[PDB]
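Below is one structure; the comments refer to it alone.
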Amino acid sequence: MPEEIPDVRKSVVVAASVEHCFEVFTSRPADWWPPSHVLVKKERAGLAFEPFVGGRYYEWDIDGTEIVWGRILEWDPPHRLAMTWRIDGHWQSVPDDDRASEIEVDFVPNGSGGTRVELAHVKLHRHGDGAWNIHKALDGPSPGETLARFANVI
Ligand SMILES: CC[C@@](C)(O)C(=O)CC(=O)c1c(C)cc2c(c1O)C(=O)c1c(O)cccc1C2=O
């Protein structure tokens, strides 16, 4: 979990359909948190989610107001989805992000309950500074990645 986030590409197979991956994203990605042991130091409270291109997702913190932590690029039918991230250095929103980067993600349905995803983030270091700190909100422990925590619960 280095302060700098260089371009890295990782892929993994999980038990889920591509439609499910997004159905859950706009339905309750924060709720994945189990009743025991909290993966996030902060208690997630709510999240706003809307489907579209140049889209936006929001998270509510019990002590933190509602904020947008990401963006989208375009939705490609059950097969590929690209997305841009819209967040500030201190989890704040702004009319435009000068340190915004683009991410390419591919979703393909495997079996009735199999999902293969290829997520590649690039030039994210553009935000540098507390860049991983922003990720700290998403919380991606080395021992377990987002694919692990969300796939296991699904
Ligand atoms: C230790 C955290 C870290 C760096 O592993 C992480 O958080 C990876 C992350 O950007 C990420 C990646 C690489 C892939 C996926 C995802 C990741 O965010 C991911 O969230 C995901 C998902 O929510 C539902 C289906 C598939 C996926 C993914 O394939």
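Chain labels follow the order of the structure tokens: the first chain is A, the next B, and so on; residue numbering restarts at 1 in every chain, and ligands are counted from 1 in their shown order.
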Spatial neighbours of residue 8 in chain A, 7 Å, only C-alpha atoms, chain gap at least 4 places, as a PyMOL selection string: chain A and resi 120-122
Do a neighbour search on residue 153 in chain A at 9 Å with only C-alpha atoms, toss out local chain neighbours closer than 3 positions, and write the hits as an NGL selection string. :A and (32-34 or 148-150)
Here CA of residue 45 in chain A and CA of residue 29 in chain A stand apart by 11.3 Å
Can you pull out every residue with an atom within 6 Å of ligand 1? Use only C-alpha atoms and all ligand atoms and format it as a PDB file with C-alpha atoms, in the first residue's frame.
ATOM      1  CA  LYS A  10      -4.340  -7.518 -12.546  1.00  0.00           C
ATOM      2  CA  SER A  11      -7.116  -9.988 -13.449  1.00  0.00           C
ATOM      3  CA  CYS A  21     -21.103  -7.272 -10.921  1.00  0.00           C
ATOM      4  CA  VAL A 117     -12.604  -9.242 -14.895  1.00  0.00           C
ATOM      5  CA  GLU A 118      -9.508  -7.387 -16.101  1.00  0.00           C
ATOM      6  CA  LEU A 119      -9.014  -4.086 -14.246  1.00  0.00           C
ATOM      7  CA  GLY A 140      -7.618  -2.488  -0.519  1.00  0.00           C
ATOM      8  CA  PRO A 141      -5.469  -4.455   1.986  1.00  0.00           C
ATOM      9  CA  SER A 142      -2.494  -6.315   0.475  1.00  0.00           C
ATOM     10  CA  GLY A 144      -7.078  -9.200   0.261  1.00  0.00           C
ATOM     11  CA  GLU A 145      -7.992  -7.164  -2.832  1.00  0.00           C
ATOM     12  CA  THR A 146     -11.378  -5.692  -3.784  1.00  0.00           C
ATOM     13  CA  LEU A 147     -11.904  -8.765  -5.956  1.00  0.00           C
TER      14      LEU A 147
END
Contacts of residue 95 in chain A at 12 Å or less, counting only C-alpha atoms, minus same-chain residues fewer than 5 places along, as JSON, numbers by chain? {"A": [68, 86, 87, 88, 100]}
Let's see if you can do this: from backbone DSSP, list all strand (DSSP E or B) residues in range 74-143 of chain A, as a list in words. residues 74, 75, 76, 80, 81, 82, 83, 84, 102, 103, 104, 105, 106, 107, 108, 109, 110, 114, 115, 116, 117, 118, 119, 120 and 121 of chain A
Counting only C-alpha atoms, what is within 12 Å of residue 92 in chain A, bar same-chain residues fewer than 3 positions away, as a PyMOL selection string? chain A and resi 58-59+64-70+86-89+95-97+134
For the residues in that selection, give me C-alpha atoms as a JSON list (two decimals), in the first residue's frame.
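The result, stored in again_14.json:
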[["chain", "number", "residue", "atom", "x", "y", "z"],
["A", 58, "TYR", "CA", -21.15, 8.31, -3.99],
["A", 59, "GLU", "CA", -20.45, 7.06, -0.43],
["A", 64, "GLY", "CA", -18.39, 12.17, 6.64],
["A", 65, "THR", "CA", -20.92, 13.87, 4.38],
["A", 66, "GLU", "CA", -21.88, 12.36, 0.99],
["A", 67, "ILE", "CA", -19.06, 12.53, -1.58],
["A", 68, "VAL", "CA", -18.23, 11.25, -5.08],
["A", 69, "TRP", "CA", -15.16, 8.97, -5.10],
["A", 70, "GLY", "CA", -15.16, 7.90, -8.76],
["A", 86, "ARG", "CA", -13.65, 11.62, -9.95],
["A", 87, "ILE", "CA", -12.25, 12.31, -6.46],
["A", 88, "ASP", "CA", -10.10, 15.00, -4.78],
["A", 89, "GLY", "CA", -7.01, 14.59, -2.59],
["A", 95, "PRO", "CA", -16.04, 21.25, -10.86],
["A", 96, "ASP", "CA", -13.24, 19.37, -12.64],
["A", 97, "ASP", "CA", -10.32, 17.11, -11.66],
["A", 134, "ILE", "CA", -7.85, 8.09, -1.26]]
